[PDB]
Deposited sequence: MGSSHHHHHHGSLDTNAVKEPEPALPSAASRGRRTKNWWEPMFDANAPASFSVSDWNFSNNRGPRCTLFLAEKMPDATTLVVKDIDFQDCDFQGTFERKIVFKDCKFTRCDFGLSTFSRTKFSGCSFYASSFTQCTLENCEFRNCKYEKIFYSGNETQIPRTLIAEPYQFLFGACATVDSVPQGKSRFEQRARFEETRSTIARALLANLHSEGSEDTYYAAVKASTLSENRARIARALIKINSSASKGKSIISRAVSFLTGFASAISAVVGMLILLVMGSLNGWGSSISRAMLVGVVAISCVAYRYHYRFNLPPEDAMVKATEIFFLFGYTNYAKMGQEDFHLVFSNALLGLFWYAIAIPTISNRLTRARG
C-alpha cells in the first residue's frame, strides 16, 4: 500500500523536513519492525497500528517518515531516532517518548494530549505557538526542547527574508514556552518547572529583542521606538539574568542568603582594610547598611567612606529585590 506525499513536506518551505524533491509516494506501514529497524519514506497511520493495549516501539531509527491520525492507543517510543519526521496532522494520547532523539522534525499541526517526553534530545526541531497543542503534556527537559528548535531559512522564497523568519520564530518559541510552563504548574519535578521558568523568561526577552529589531529594520519615529524597545529588552535581559542566576530563578532562598552574606563580607573587608575598622564591627556596619535600617547613622556627604556606604546601600536594595520573591515563592504556592 502507498499514499500521497504530504504538502507539509513538499510545499511548506518553512518546515524542517521540507523537500521539494521528495518522492510523490510514501509506503504505508503495517507497523512491523521485526524485519526493518529503520523505516524510510513511510507513512504511519493511527488506523493501522496493531491491536494492543500498549505498543512498545524500541530502537527504531525513523527517517523521512510521516505520522497521521488519532493515536488513541498508548505508544511507548523507547530510544527511537526521528530524522526529518513529520508528526503533523496527528493527535497522540498518552504517548511516552523515552530516550528518543529528534532531528529536523516538526511538531506543527500536532496535538499531544497527556504525553511525556523524557531524556530526549532535540536539534533543529520545529513547532507552532498555536498549532502545536500540548494539553497536559510533560516535557521533562523544557530548555532543550524550546532552544533545540529553530526556523528553517534555506528555503525562504524571494520577496521574503531570512531575518523576519528567525525573529518571528523567537516569538513563536516564547508562546509555546508559556504553554509549557502552564502545563508544568500541575506536573513534573521542581527542577523541570524551574528550568521551564528560566526558558520562558529567556524566550520572552529574546522575542522582545527580535520584535524591536524588526521594528528597526522596517519613519524616524518608528526607528527611535524600535531602538528604545531594543535597549529596553537588552536591559531587562541583563537584570533578569542576574537576578535569576543569583536566586536560582526563584527556587532557593539559601543561594540568595549566601550572595547577601558574600556581598556584606566584601563590604566589611573593604571597611576594615581601608578605614581601619575592627572586623567584629566592620561586619556590623556592613550588615547595618546592607539591610538599610542603619543607613543614616553612617552616611554623611563629604566623608571618605560616603561613596562606599552608598554603594553598600545600593547592593542591599538590589539584594532585597533578589531575595523577597524567593521567600514569596517558597511560602506562597
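(message) If I number the deposited sequence starting at 1, which residue ranges have no C-alpha coordinates at all?
(response) No C-alpha coordinates exist for 1-25, 244-253, 369-371.
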